[PDB]
Structures are given as C-alpha cells and as structure tokens.
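*Asks:* 3D model of this:
(chains A and B, ligands or ions: 1)
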Amino acid sequence: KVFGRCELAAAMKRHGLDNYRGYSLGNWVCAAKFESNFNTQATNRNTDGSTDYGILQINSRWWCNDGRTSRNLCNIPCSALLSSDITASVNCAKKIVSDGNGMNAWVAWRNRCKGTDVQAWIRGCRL
Amino acid sequence: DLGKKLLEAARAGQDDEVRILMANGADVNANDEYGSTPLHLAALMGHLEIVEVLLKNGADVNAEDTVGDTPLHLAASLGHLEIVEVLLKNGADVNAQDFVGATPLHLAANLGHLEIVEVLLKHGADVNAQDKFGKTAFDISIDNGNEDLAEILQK
Ligand SMILES: [Cl-]
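*Replies:* Numbers count the residues shown, from 1 in each chain, chains lettered A, B, ... in the order given. Take a look at the structure below.
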C-alpha cells in the first residue's frame, strides 16, 4: 500500500503521533516520505546483511526478527512491519526515538526534514 | 579536509564562510553521508545567495544524491521559488526523475506549491510522467484533495 500524504497524516494522527513527546505530526510524515516514499511495502537490504522494513524503514539488526540476520527490541517479526496497517511500525518507531537521543536517530528525518518547515507536510489536510 | 566544512557552511547559510572556504580550494562537489552536495543542502535550506555562489564556482547543477534527487527536486518540494528559477536558468533538468521516478513536478504538487508548479509547467514539465507507483502530478493533487492544484494541472 502506498499512502497519500494527507492519508498518512490522518492515520498517524489516529495512532498517537500528533501528541508524542513534542515530535509534531509533520516530523513523522516527512520522515516516512524520505524513508519509504509512503510505501508500507518498502524493503531495502543494508550493506551489513540487515534489512530495513516498512514505511519507516525499521532496521532488522536491532528492532525486529527476520530469521536471517537477534535483538528484536520491538518484540515483533520484521514481516509485521509490512502490512497496510501501520500500528506495528508506529509502536516500534515510538520505542526507537524514546531512548533519549530522540529524532536524531532518524537518518532520513535528520538529512531531509530537520531544519525545514515540517508543518508543511500536514498543511492542506483536513485533520 | 575542507569539503566536510563546506557542506556544513552551505546547509547552515553561512554566506561569508562559504566564500572563504571556496577561495581556499575546497571541493565544491563534496558529498556527505546522504550523498548531498553543497548545492543540495543550500537548496534544501532555502539559501538563495549560497546557491548562486556555488553555481559560479562550478557546482554540478544536476548532481544526484543517494536517492537520485537533484537540487531542483529539493527546491521545488520545499517551495523555494527564487532558487527554482536560478536552478532552471543554470541548466537544471526540469524533468529529472529520482530513484522512485518522481519529478520536480511531483514533489511540488505533493506539497501544494501552486506558484512552483506553474513555473515548472512553463519550463516544460511533463504532466504525464509517473513515479514507480504509476502516479502523475494530477493523481497526487486528487489524493490530497487539492482542487486549486488540480485546476492548474488540468490545463
Ligand atoms: Cl508525551
């Protein structure tokens, strides 16, 4: 499934991302755009043998279990991050940023969202 | 070791530090972790004056980052109209497609930048171009329910 921008903003709002730790909703929509281009099916194998899964490209070395990489800190099979329901990816994403270092753990957000007008990513959506 | 410092200066809008690093033989096409050139970062952060200085010093106007985005991709999506024209007049491909097949027209349409869409159309933006998901700029405007943008693209 490939989300539209406003469609994913509305879905992320339903999953508790417009009121999470000061990380306003636009930050998350922008991050999903540059991580996966709004594609929940996106999968990219890293140079170290691990793979990034899902709409927020969650890495399989640390956060999920794919059977070909054993930390699984989100206690989830990596395949579960690929469905059209974004519950699994969001809950895992909330665990990644909540260690203290925050959004700077998000490579695509850090390089393409951080410092821009992130509110534009929810601009024009009737939420 | 100056290229890493020119990247920082370009993204940060240090108009004066960009000049000094340039004259001292800093690589105007240095790449960071994401494959961005100084011209990428200056267009991303809306620093018009640094964009012109990098172009005068021979920056690649169509350099692609690790995902295939050109500086015109980033300027069009962020709504920086001044930079988009400077990039076009200096030989930027108005119909460049990145790794997911998105053009500058796709990126400006996704964020409802009407004025930038019209400038891109004027410079020959292809309204039939599709990303890897089969979407045109028109389809994007419909998905986002942007009626004013749809009208622009319908003619
Ligand atoms: Cl909170």
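
*Asks:* which residue sits closest to residue 11, ignoring its sequence neighbours?
*Replies:* Going with chain A. residue A:86 (5.9 Å; CB to CB, 6 or more residues apart in numbering or on different chains). C-beta here means a position set from N, CA and C on the backbone, and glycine is covered the same way.

*Asks:* that's the other chain; I wanted chain B
*Replies:* The shortest distance from residue B:11 to any non-neighbouring residue, by CB to CB, 6+ apart, is to residue B:41 (3.7 Å).

*Asks:* can you list contacts of the one helix or strand the one you found maps to?
*Replies:* Using DSSP states H and E, residue B:41 maps to helix B:38-44. The contact list for helix B:38-44, computed with CB atoms under 8 Å, 6 or more residues apart in numbering or on different chains, reads A:112, A:116, B:6-7, B:9-11, B:13, B:18, B:28-30, B:32, B:36, B:50-51, B:54-55, B:59-61, B:63, B:65, B:69, B:71-72, B:74-75, B:78, B:80, B:83, B:87.

*Asks:* mind redoing it with 6 Å?
*Replies:* B:6-7, B:10-11, B:50-51, B:54, B:59, B:65, B:71, B:74-75, B:83 (CB atoms under 6 Å, 6 or more residues apart in numbering or on different chains).

*Asks:* Just want the most central residue of chain A.
*Replies:* residue A:56 (2.6 Å; CA atoms, centre = their mean).

*Asks:* residues in contact with that one?
*Replies:* Per CB under 6 Å, 6+ apart, neighbours of residue A:56: A:32, A:35, A:89, A:93.

*Asks:* Swap in 7 Å and give it another go.
*Replies:* A:31-32, A:35-36, A:89, A:93 (CB atoms under 7 Å, 6 or more residues apart in numbering or on different chains).

*Asks:* Over to residue B:45?
*Replies:* A:115, B:11, B:13.

*Asks:* Need the nearest residue in space to residue 27, chain neighbours excluded.
*Replies:* Using chain A here. Of all residues not flanking residue A:27 in the chain, residue A:118 sits nearest, at 5.0 Å (CB to CB, 6+ apart).

*Asks:* nope, chain B please
*Replies:* residue B:3 (4.2 Å).

*Asks:* Could you look up the SS state of the residue nearest to the centre of chain A?
*Replies:* Following DSSP: H, G, I helix; E, B strand; the rest coil, we place residue A:56 in the coil state.

*Asks:* where does it fall, phi/psi-wise?
*Replies:* Per-residue torsions, residue A:56: phi -110, psi 10 (degrees, to the nearest 10).

*Asks:* quick one: it and chain B, what's the gap?
*Replies:* Look at residue A:56 and chain B: by CB to the nearest CB, to the nearest Å, they are 16 Å apart.

*Asks:* so where do the helices sit in chain B?
*Replies:* B:3-11, B:15-23, B:38-44, B:48-56, B:71-78, B:81-89, B:104-110, B:114-122, B:137-143, B:147-153 (DSSP state H).

*Asks:* Tell me which of those sits most buried.
*Replies:* helix B:38-44 (a mean of 30; mean count of other CB atoms under 10 Å in any protein chain shown).

*Asks:* Distance check, residue B:123 against chain A.
*Replies:* 23 Å.

*Asks:* next one: residue B:49
*Replies:* 17 Å.

*Asks:* Residue B:14 is in contact with that residue, correct?
*Replies:* No: checked against CB atoms under 7 Å, the pair residue B:49 and residue B:14 is beyond contact range at 10.6 Å.

*Asks:* quick revisit: now, the contacts of residue A:56 that are in helices?
*Replies:* Counted as lying in helices by DSSP H, out of the contacts of residue A:56, are A:31-32, A:35-36, A:89, A:93.

*Asks:* Tell me which residue of chain B lies closest to chain A.
*Replies:* Residue nearest to chain A within chain B (CB to the nearest CB): residue B:143, separated by 3.6 Å.

*Asks:* Can you tell me the closest non-neighbouring residue to that residue?
*Replies:* Using CB to CB, 6+ apart, the nearest residue to residue B:143 is residue A:4, at 3.6 Å.

*Asks:* Give me the neighbour count for that neighbour.
*Replies:* 18 (other CB atoms under 10 Å in any protein chain shown).

*Asks:* isn't it right up against residue B:145?
*Replies:* No: using CB under 7 Å, residue A:4 makes no contact with residue B:145, being 9.0 Å away.
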